[PDB]
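One structure is given here, and the rest of the page talks about it.
Cβ sites come from the backbone with ideal geometry, for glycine too, and all protein chains shown count toward neighbours. The numbers here are math on the coordinates, done by the rules we state, and not lab data.
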Amino acid sequence: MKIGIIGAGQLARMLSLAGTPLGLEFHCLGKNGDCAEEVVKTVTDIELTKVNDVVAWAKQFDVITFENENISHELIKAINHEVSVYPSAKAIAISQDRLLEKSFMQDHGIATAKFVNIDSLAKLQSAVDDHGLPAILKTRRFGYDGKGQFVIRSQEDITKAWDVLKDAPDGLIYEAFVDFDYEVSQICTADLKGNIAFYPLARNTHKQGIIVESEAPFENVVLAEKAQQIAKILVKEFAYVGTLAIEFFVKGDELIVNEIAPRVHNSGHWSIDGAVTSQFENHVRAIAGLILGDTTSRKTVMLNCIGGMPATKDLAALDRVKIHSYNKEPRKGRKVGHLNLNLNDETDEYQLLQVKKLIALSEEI
Amino acid sequence: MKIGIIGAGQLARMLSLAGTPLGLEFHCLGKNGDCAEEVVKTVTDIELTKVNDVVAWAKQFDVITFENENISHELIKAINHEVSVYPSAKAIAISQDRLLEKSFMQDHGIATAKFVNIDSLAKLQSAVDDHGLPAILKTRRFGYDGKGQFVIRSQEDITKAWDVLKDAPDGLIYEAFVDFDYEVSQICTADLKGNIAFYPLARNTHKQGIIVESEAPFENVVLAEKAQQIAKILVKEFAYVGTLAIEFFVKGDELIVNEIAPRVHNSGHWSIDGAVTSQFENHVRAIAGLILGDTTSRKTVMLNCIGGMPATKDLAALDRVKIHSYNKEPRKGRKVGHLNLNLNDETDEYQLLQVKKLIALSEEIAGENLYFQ
Ligand SMILES: Nc1ncnc2c1ncn2[C@@H]1O[C@H](COP(=O)(O)CP(=O)(O)O)[C@@H](O)[C@H]1O
Ligand SMILES: Nc1ncnc2c1ncn2[C@@H]1O[C@H](COP(=O)(O)CP(=O)(O)O)[C@@H](O)[C@H]1O
């Protein structure tokens, strides 16, 4: 069986690393010299606006998936008529636009921040009038790592936020500021028949809008049950196949959906070394029409390497640390790898402190 | 850092799968179409007898290793004048020839089968006269998965064995049958300084001369200590860098060396899913000059897929089984994949029984001899 992946970045790289032992063959649409190239059969560089060329490429294979939900859902629909793509064009359309995403949650009784579509300064003033400060003005599309956002903390900031973000061609959303204690994510995988394999919750640490740490299992049965029930709604309504990621704000026993990603996600990277079947192996099993792997998990912390990464010789000296370099060119803010560590004892805690020392030296956000 | 591997088969494939997350780049010398191709940066097909061309290929990279010790040690010596190769040409020269291997062990007081170099029928008759039947005649070089052997049980078998094997250009060895209870292997990895990371013993089951199952950790403190001491001697004598495998026959509390392989080995494949750092990741760390990874292990069974392999859908349905297909075309006796399973509870034991049933349906071994004792 041949699997095509739209994108040749680190998610594609890790999908192939996980799926290749299953005896599957991987092909990417992307740039030669992107980091998945050395671990897949072929990489083909086709401009995504050339729909017919993309469809022709995809038809060479048995099933297609993608690493970035910002791609055209109309493109996915065109491919999916000729060869299966998972997950769905609907999941892409909804997840890639903050307003559509929030409206979808609202329609299905799923809690989120209060939100308003913003198409003018007057509309923004009304939103602040209706829903209050503090608040965040965000681009509806293409935001990542907290980019394209302006936190409004005063009346004065309203005009300032509008002036900064008004020219976003795909529009803007007002979000009420959520007072939460911490953040967690639910990753799960759904197969062709709608069966879902759940991972435990992971608690995620952010700095300057970028995830820097993720730790699982976050043990809280009330929260886990709520997160699973939300995931079940999304899987059903999207007719979803593959790994799905849901990010939440937590306030006490209350879960508030922040956003979703219809793909393997940074907050599940711990599962490479902490679950019987990682989020990557399970995404591949799902789309390949295979039964999902067991997801029994053990305590694991994942640390991101942003803007740089410690020298391999220094990492290797911490002999329990599992190294995941993506072999990417370092640049400010760029995710170039991560480190996983199972946490069982004091030696593990020591190695974790050492990893943190090294990351402090290499990080550039 | 760029690592060149001589060979593009499943061992190279698994070295790259293990080493690529460390940020290392892999290149193979082998045939395009070989199973490592899809997981390495490049594969280059050069005839190994073309020494200058091989050396030129190797000099592109920062360190070289190899997946098959049957290659020319003189080739490795030539490469190593200009780019580091691990492990050493000495390890290759000794390990690749059954007579040199046995003689090395004998010279270091390490127990082996009784053995005799066989270069004529008369020499074989004398070996039988001196050491008895049953016995095995084996090629000194190129043997693997039991190939190049003839088990001698009767007087009439003596001439047959000689006639089947006598054309081997690199000669033959007689071995007396060893009285043993079961077989274990010691896999370990040595770094540039001489530190050794040890795996627990694995207990290995063979059928018709090919390994079919491997289970670790095999707990026996007395045997494990003896195996480690033997490994230490070999690492020191070979100035060894990389993963090393030693196969033993066990009789009570005694270890008899069967043979060694200067490489990752089939009996260590369990470590992909049963150790903190697999034999493959550790081989890569060793040759790359890195500190070795922790080898803390958990109970795991490895089952080989020979000839054929069960359908992926059937394997995936046993949801704790870890699938390692090499993506190789089925052929009688060919190793086309393996399966690993951690064993902690009754559900694991159930999945183990079910996966063994699937393997019994897919297996096609190319057996040539029976080794019952
Ligand atoms: N409505 C809100 N109220 C409070 N904090 C928020 C918020 N929206 C986002 N944040 C904070 O800013 C971080 C990044 O926000 P987003 O998840 O919207 C940015 P991105 O990951 O899509 O690029 C969140 O993880 C959260 O800590
Ligand atoms: N001298 C001996 N006495 C008894 N059994 C032997 C033996 N030599 C080999 N065997 C049996 O045949 C199996 C394969 O033999 P080898 O290890 O020599 C074959 P290979 O792996 O080098 O191709 C051994 O694992 C062992 O079960």
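With the structure loaded, tell me whether A:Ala58 is small (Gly, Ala, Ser), surrounded by 15 or more Cβ atoms within 10 Å (Cβ to Cβ), touching a helix residue (DSSP H, G or I) at 6+ places or on another chain (Cβ under 8 Å) and under 14 Å from A:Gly7 (Cα atoms) or whether it fails that test. It is true that A:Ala58 is small (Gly, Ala, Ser), surrounded by 15 or more Cβ atoms within 10 Å (Cβ to Cβ), touching a helix residue (DSSP H, G or I) at 6+ places or on another chain (Cβ under 8 Å) and under 14 Å from A:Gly7 (Cα atoms). Kindly indicate the residue of the stretch B:158-171 that is farther than 14 Å from B:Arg141 by Cα and in contact (Cβ under 8 Å) with a residue 12 or more places away in the chain and also nearest to ligand 1 (Cβ to nearest atom) among those meeting that condition. Per the stated criteria, the residue is B:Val164. A Cβ distance below 8 Å, combined with a sequence gap of six or more or placement on separate chains, defines the contacts here; from the stretch A:77-92, residues that are over 19 Å from A:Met1 (Cα atoms) reach residues that are among the charged types (D, E, K, R) in the pairs A:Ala89/A:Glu74; A:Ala89/A:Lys77; A:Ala91/A:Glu69; A:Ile92/A:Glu69.
Taking the criterion of being within 16 Å of ligand 1 (Cβ to nearest atom), surrounded by fewer than 17 Cβ atoms within 10 Å (Cβ to Cβ) and among the polar types (S, T, N, Q), the residues of the stretch A:199-229 that qualify are A:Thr205, A:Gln208. Checked against the criterion of being within 30 Å of B:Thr139 (Cβ to Cβ) and either touching a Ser or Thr at 6+ places or on another chain (Cβ under 6 Å) or surrounded by fewer than 23 Cβ atoms within 10 Å (Cβ to Cβ) (or both), the candidates B:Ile272, B:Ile256 yield just one match: B:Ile256.
How many of the residues making up the stretch B:221-264 are under 17 Å from B:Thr189 (Cβ atoms) and outside any strand (DSSP E or B)? Within the stretch B:221-264, residues that are under 17 Å from B:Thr189 (Cβ atoms) and outside any strand (DSSP E or B) number 19. Restricting attention to the stretch A:236-263 and to residues that are within 14 Å of ligand 1 (Cβ to nearest atom) and among the basic types (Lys, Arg), the residue that is nearest to the chain's Cα centre (by Cα) turns out to be A:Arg263.
Of the residues making up the stretch B:103-121, those that are within 16 Å of ligand 2 (Cβ to nearest atom) and either under 23 Å from B:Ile158 (Cα atoms) or part of a helix (DSSP H, G or I) (or both) are B:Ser103, B:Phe104, B:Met105, B:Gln106, B:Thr112, B:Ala113, B:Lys114, B:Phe115, B:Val116, B:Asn117, B:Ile118. Of the strands (runs of 3 or more DSSP E) lying entirely inside the stretch B:1-102, the ones with 2 or more residues being closer than 30 Å to A:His338 by Cα and touching a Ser or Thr at 6+ places or on another chain (Cβ under 8 Å) are found at B:2-6, B:25-29, B:63-66. A single member of A:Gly293, A:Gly337 is buried (at least 21 other Cβ atoms within 10 Å of the Cβ), within 9 Å of another protein chain (Cβ to nearest Cβ) and within 17 Å of the chain's Cα centre (by Cα), and it is A:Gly337.
Within the set B:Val85, B:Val128, the sole residue that is buried (at least 16 other Cβ atoms within 10 Å of the Cβ) and away from ligand 2 (no atom under 16 Å from the Cβ) turns out to be B:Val85. A search for C-beta distances below 8 Å between a residue of the stretch B:103-117 that is more than 16 Å from B:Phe248 (Cβ to Cβ) and any residue that is of a type in the set (D, E, K, R) and in a helix (DSSP H, G or I), counting only pairs 6+ apart in sequence or on different chains, returns B:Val116/B:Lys123; B:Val116/B:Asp130; B:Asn117/B:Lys123.
Residues that are closer than 30 Å to B:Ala317 by Cβ and of a type in the set (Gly, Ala, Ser) within the stretch A:1-58 comprise A:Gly4, A:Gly7, A:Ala12, A:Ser16, A:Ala18, A:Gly19, A:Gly23, A:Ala36, A:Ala58, listed in sequence order. Out of A:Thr42, A:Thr49, A:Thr20, one residue alone is of a type in the set (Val, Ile, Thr), within 11 Å of chain B (Cβ to nearest Cβ) and surrounded by fewer than 19 Cβ atoms within 10 Å (Cβ to Cβ). It is A:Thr42.
The condition of being within 14 Å of ligand 2 (Cβ to nearest atom) and touching a strand residue (DSSP E or B) at 6+ places or on another chain (Cβ under 8 Å) holds for only one of B:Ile187, B:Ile173, B:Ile158, B:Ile196, that being B:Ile173. Has the stretch A:149-160 got any residue that is acidic (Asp, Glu) and surrounded by fewer than 19 Cβ atoms within 10 Å (Cβ to Cβ)? Looking through the stretch A:149-160, at least one residue is acidic (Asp, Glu) and surrounded by fewer than 19 Cβ atoms within 10 Å (Cβ to Cβ). Taking the stretch A:172-198 as the search range and keeping residues that are within 14 Å of chain B (Cβ to nearest Cβ) and not β-branched (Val, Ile, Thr), which one is nearest to ligand 1 (Cβ to nearest atom)? Going through the qualifying residues, I end up with A:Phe198. Here B:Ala286 meets each of (1) more than 14 Å from every other protein chain (Cβ to nearest Cβ); (2) among the aliphatic types (A, V, I, L, M); (3) not in a loop (DSSP other than H, G, I, E, B) with one exception, condition (1).
The combined condition, being within 16 Å of ligand 2 (Cβ to nearest atom), free of Cβ contacts under 8 Å to residues at least 60 places away in the same chain, surrounded by fewer than 16 Cβ atoms within 10 Å (Cβ to Cβ) and under 20 Å from the mean Cα position of the chain (by Cα), is fulfilled by B:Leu100. Examine the stretch A:304-314 for a residue that is within 13 Å of chain B (Cβ to nearest Cβ), part of a strand (DSSP E or B), over 19 Å from A:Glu219 (Cα atoms) and over 20 Å from the mean Cα position of the chain (by Cα), and state whether such a residue exists. For the stretch A:304-314, residues within 13 Å of chain B (Cβ to nearest Cβ), part of a strand (DSSP E or B), over 19 Å from A:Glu219 (Cα atoms) and over 20 Å from the mean Cα position of the chain (by Cα): absent. With respect to the conditions (1) touching a strand residue (DSSP E or B) at 6+ places or on another chain (Cβ under 6 Å); (2) within 17 Å of B:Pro200 (Cα to Cα); (3) at the interface with chain A (Cβ under 8 Å from one of its Cβ atoms), B:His324 lacks only one, and its number is (2).
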